[PDB]
Ligand SMILES: *[C@@H]1O[C@H](CO)[C@@H](O)[C@H](O)[C@H]1NC(C)=O
Ligand SMILES: *[C@@H]1O[C@H](CO)[C@@H](O)[C@H](O)[C@H]1NC(C)=O
Ligand SMILES: *[C@@H]1O[C@H](CO)[C@@H](O)[C@H](O)[C@H]1NC(C)=O
Ligand SMILES: *[C@@H]1O[C@H](CO)[C@@H](O)[C@H](O)[C@H]1NC(C)=O
């Protein structure tokens, strides 16, 4: 199944400032069949299973963390973080559901 | 396959005289002390009808598909009431919608349900005595393949049971017609006791009932009652007895008639207009 | 019935009506096509069928001949030229359940429309992409049926509405499902017009 | 569509030749006199073409 | 209120089997697949499988098949996952996860995951 290398291991963002998380992946998440990607980002919360970050490798979740934004194509996952609140300490995930079985990503942690 | 019956390579048909029976009322109309003429499918006078019989007593029986050649006449004296109705249709199978008339002991019962009538169809009665008086067995008039459009249930035409002969007490006599989607039936129950000969004299059948139908009825056969006991000619279907079941069948021809009505308004005289120039 | 598996119960040789629609079970909501309801004390039909089911209530706009809203077109496409009338009344108090009566189903989709009076209870995962679907349950193929969400919290359009679409027809076989003829007193000696049953 | 073109959909009975029934009577399409309430069984008497 | 609340505590030392459950609230149970996910002290998020509750259909990750099955009761609006055997290190914060049916035709955006779920430290 698709391997999903996340980089860095730890986003060392001293807060306020913008940032990016990246996850290179081996294999396809372009939905050139139906348009868009089958690709989302997810962030595991301190004590709670993940809130969705971003639909379709670009458009934001209904939770409005507009401090975050995204882009990519094919097998680029780019997470870009326009602002950091001190609560953004957390573990950020790329994942695949373009095929079944699923896989979860390697996680990236957040800290100063 | 339904289990084959026995003793059924027939002998030739008994050509016989109508004696002009089978007059019947054509309409709803009260008429009296008056004469009137009409035309219909009728049993013609002195028609060469035929006599038919489950003559097991000899040692033979019969009731395969007879053609409903666009109208049928029936007569039988009661003589232990072996007949328990008739079935109709054309294909007489579960591949066209098809009609049952049965004189069950519970009821006269009618259904139109695309019956898989058995090639060896009957209603059974058997001495296995699931009640103290022997009265029933497995039916196998049909195998149960069905698609349904009609039922009707009516008082039984029930008299006592045995698969053997009986007395001439009443003539149950009937005529069957489809008026292009109206299967109309006529009856009478005339008391007569005599030898085999269908009676001379006069009467007319009244219009027993009608069912609106769609089926293109072209073929039919009688429900014989078949009675099972351990002397009868085998097990199950091969177990049967049926007396002689002597009866008559004939056909209804389009013919003009003159009719007469008394002060009571009964039919009381009739003429087949094609027998003889005098009659004509 | 669930509309995906809609009943087609025949009615036969008995007195038809619409006056009963104004007594102990008067319709909430109702429509006719091609015929005025007033004639249903007069006309007679060879066959009549209760095409009986429940809907999501908004389908009152969908369940029409010629109207081609897909759920109907996958569950019961009425004949697009049919002439007749339909029960479709609200049943929220009845069919909605507190936890939710998630047992009334509709086909979400099929490879084609239904034809008039067609019923399809193919239940394999519907193909929408390539290769035999074999339980893939979400990419090339999807399971084609879904329940309605019938609960008291449902907004009125989402609420259940109980349906009998009334198919009725005439054939070479004579009509017998007939509306009640009226009756009048046995006046005598006066000169009158009459109809004694014809 | 041109929903400005209309027809009377309902009447108590057919017209006579060259009548022109422009009357906006709420059609009692059932029981109860409708009294202008224009409820169910109480319909605005014209309808549009598409 | 929309929620999906798990079975409470399970705690035992290894080798017995287990059944874990999660009951919906608010939403039409057939309006979502339930999926089941678990924590790992390494990777964290790990996916086991999905129930199409309305069909009852299932699919499963290669790691788990022989032990695992999962099932539902739609009339009880409640989902089940069942495992032949728990190790000590199969102790995890197990999640019931919520997954909407294809309100979007072609369903890709329908296959965003409501991974809010709820976690439970089945042990
Ligand atoms: C009378 O009918 C019988 C039986 O159908 C037939 O065998 C016979 O030839 C007929 N004869 C005539 C001419 O009456
Ligand atoms: C008769 O029944 C069979 C099986 O239910 C069905 O396939 C067939 O269409 C039916 N025919 C009719 C119209 O009664
Ligand atoms: C015919 O009418 C006469 C005179 O009333 C009556 O005596 C006779 O019994 C009637 N017969 C029938 C068939 O009613
Ligand atoms: C039929 O249902 C109606 C509700 O529309 C109810 O008022 C009526 O009493 C019911 N009648 C019976 C006895 O089923």
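Since chain B takes its numbers from Swiss-Prot, the residues it shows come out as 14-70, 76-298.
Note that Cβ sites are derived from N, Cα and C of the backbone, with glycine treated the same way.
Listed in Swiss-Prot:
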DISULFID  B:15-B:136  disulfide bond
CARBOHYD  B:17  N-linked glycosylation site
CARBOHYD  B:61  N-linked glycosylation site
CARBOHYD  B:122  N-linked glycosylation site
DISULFID  B:131-B:166  disulfide bond
REGION    B:142-164  region 'Disordered'
CARBOHYD  B:149  N-linked glycosylation site
CARBOHYD  B:165  N-linked glycosylation site
REGION    B:173-185  region 'Disordered'
CARBOHYD  B:234  N-linked glycosylation site
REGION    B:246-262  region 'Disordered'
CARBOHYD  B:282  N-linked glycosylation site
Same-chain Cβ contacts of the region 'Disordered' (B:173-185) under 8 Å, 6 or more residues past its ends? 70, 96-100, 121-126, 143, 152-153, 211, 243-245, 250, 258-262
May I ask which of the recorded positions B:15, B:61, B:234 have a CB within less than 6 Å of any atom of ligand 1, listed in sequence order? B:61
Ten-angstrom check, please: count other Cβ atoms within 10 Å of the Cβ of residue B:61 (N-linked glycosylation site), all chains counted. 11
Rounded to the nearest angstrom, how far is the Cα of residue B:282 (N-linked glycosylation site) from the Cα of residue B:136 (disulfide bond)? 47
Tell me the Cβ neighbour count for residue B:234 (N-linked glycosylation site), meaning other Cβ atoms within 10 Å of its Cβ, over all protein chains shown. 13
Nearest recorded site to residue B:165 (N-linked glycosylation site) by CA-CA distance, among recorded positions B:15, B:17, B:122, B:234, B:282: B:234
Please name which of the recorded positions listed here, B:61, B:131, B:234, B:282, is nearest in space to residue B:17 (N-linked glycosylation site), Cα against Cα. B:131
Return the residue, from the listed glycosylation sites B:17, B:122, B:165, with the maximum count of other C-beta atoms within 10 angstroms of its C-beta. B:122
Rank aside, I only need the closest one: which of the recorded positions B:15, B:149, B:234 has its C-alpha nearest to that of residue B:131 (disulfide bond)? B:234
How long is the line from the C-alpha of residue B:282 (N-linked glycosylation site) to the C-alpha of residue B:61 (N-linked glycosylation site), rounded to the nearest angstrom? 32
Counting across all protein chains present, how many other Cβ atoms fall within 10 Å of the Cβ of residue B:136 (disulfide bond)? 18
Spatially, and counting Cα to Cα, which of the recorded positions is closest to residue B:122 (N-linked glycosylation site)? Options: B:15, B:61, B:166, B:234. B:166
With an 8 Å cut-off on Cβ-Cβ distance and a minimum sequence separation of at least 6, pull the same-chain contacts of residue B:166 (disulfide bond), or say none. B:129, B:130, B:131, B:132
When the region 'Disordered' (B:173-185) is classified with DSSP, how many of its residues are helical, how many are strand and how many are coil? 0 helix, 0 strand, 13 coil
Row residue B:15 (disulfide bond), column other C-beta within 10 angstroms, all chains, value 15
